[PDB]
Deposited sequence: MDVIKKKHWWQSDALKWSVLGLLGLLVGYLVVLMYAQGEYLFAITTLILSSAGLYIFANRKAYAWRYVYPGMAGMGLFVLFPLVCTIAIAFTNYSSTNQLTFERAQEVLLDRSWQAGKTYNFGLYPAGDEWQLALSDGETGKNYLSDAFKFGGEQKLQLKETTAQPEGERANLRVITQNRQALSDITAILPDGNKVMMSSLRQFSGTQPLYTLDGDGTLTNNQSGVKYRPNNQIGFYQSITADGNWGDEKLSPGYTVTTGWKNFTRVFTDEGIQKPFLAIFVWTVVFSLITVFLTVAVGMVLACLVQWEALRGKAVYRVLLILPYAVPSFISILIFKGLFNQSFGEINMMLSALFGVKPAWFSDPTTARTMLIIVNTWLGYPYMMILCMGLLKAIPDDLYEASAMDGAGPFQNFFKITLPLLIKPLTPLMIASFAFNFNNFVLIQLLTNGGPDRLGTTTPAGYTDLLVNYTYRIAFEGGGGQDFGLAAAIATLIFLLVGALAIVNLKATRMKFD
């Protein structure tokens, strides 16, 4: 019934991918969408109907950007060298240089048909068009005149309302040069900066220099029959970004250093979040405790506050000389820990903060997960004469860890790439001294790779970071499959 209508869209939108270039996003659109109709039509592949729409998202908005960003590793994609060839030359063709001079223009109605008027200040003589109509690209051949136009001058609003039609009007003087709309009160002789002939050769009209696309560096360049036109365009560079990771000494030293921090940070986080979460989870549903519901919500409240604002308020509270934590910390004690300047102290801050954010997730886990333990084990333990600490380490803990293991190795993987925490709180921590690329002491692998690609200064090589992201990902895949 609906297979035909949807089947037509798989073709209507699919053929438009083939047109307008875009081979990169033309294959996947057919393959994924053909599978949907392939699956949902017949009732032999019934099981895939429930899996398709979930794995469609995995394909589109997780797997594709991964496969795509791996292809970015085999090229010089950067801030300078960002666009494709067709966008880059279109950017160069779009700009212009002022060949002629400025003329103050006016707009005067003659019935429905409008009328334009220009004025040259160098000569003093004025020019004016015939009764034209707005719409489409038209060349208004102006005529010199001493007299005034009939009808009142059009105000800004009126000429603004006809900005689109007035910009397409390319007027020209009796024996002067061509001229177009530059502002709402001025016309000026705007002309293309470059011109593209048959073969790929742009040529400047002002200076008089030809440029050819050097597809090694990825820029337009000139040869002595040199200048480099720096809008830039992407071009493949095989195994260069990858080999630079193994070649570069400055990049290689902190690469493993942060890997130790990254893993340790995610380990310590998981331990403390579980430990605090589980202990609280046990206490909250402990028979004898009174204000359970009151205690329960208060301990959850942190989780009700978005991470990114809790981090930014902590960023303020943890200030070294000022900030309210050290205002107290040099009152009960006589110390002000360098939460930002010192690597270790900054790592302690990260963990203390991160635990504050992380324990509620673990508590809510352990709370419901603890009700999986039947009551009569503790009643049996009460007959034997076990205390709270004995009940915890001999029954509760070893019985909770088994189901909790997958969630806390999943919690490890989360913290392993906890980008938002590092960027917002420390932005990588104290800078590692004597590095080529930007690296700090609280930087994770994900932060380091982000810092390389985007952060101003220290290069903005998207292709290099794309290689490192690939280089890391495949190692974690090799680690995860073996584990």
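Within the chain's deposited sequence, the coordinate-free stretches run 1-17, 243-247, 506-514 in sequence order.
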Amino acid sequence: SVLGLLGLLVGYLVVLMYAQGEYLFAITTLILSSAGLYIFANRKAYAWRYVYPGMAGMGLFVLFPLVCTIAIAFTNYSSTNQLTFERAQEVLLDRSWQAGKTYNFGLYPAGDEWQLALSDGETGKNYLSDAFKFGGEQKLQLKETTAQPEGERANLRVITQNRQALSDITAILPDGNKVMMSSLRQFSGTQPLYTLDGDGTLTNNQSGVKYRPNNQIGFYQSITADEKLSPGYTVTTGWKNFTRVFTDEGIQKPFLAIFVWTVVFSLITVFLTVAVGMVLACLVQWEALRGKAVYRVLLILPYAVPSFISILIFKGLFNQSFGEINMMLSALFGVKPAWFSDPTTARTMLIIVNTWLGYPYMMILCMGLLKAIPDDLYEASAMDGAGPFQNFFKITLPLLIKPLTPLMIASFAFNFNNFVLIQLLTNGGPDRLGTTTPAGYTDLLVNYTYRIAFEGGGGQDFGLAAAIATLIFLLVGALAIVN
From here on, numbers count along this sequence of modelled residues.
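When the mean C-alpha temperature factors of 323-331 and 308-316 are read from the deposited coordinates, 323-331 comes out higher. Relative to its counterpart among 22-30 and 438-446, 22-30 has the higher mean temperature factor, C-alpha atoms as listed in the PDB entry.
If you compare the C-alpha temperature factors of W239, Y295, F105, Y108 in the entry, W239 comes out highest.
As recorded in the entry, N177 carries the highest CA temperature factor of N177, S266, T273, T345. Sort the modelled residues of the chain by CA B factor and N42 lands in the highest third. In this PDB entry, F74 carries a Cα temperature factor that places it within the highest third of its chain's modelled residues. In this PDB entry, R157 carries a Cα temperature factor that places it within the lowest third of its chain's modelled residues. For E379, the recorded CA temperature factor ranks within the lowest third of the chain's modelled residues. Among the modelled residues of its chain, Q285 has a C-alpha B-factor that falls in the middle third, as given in the PDB entry.
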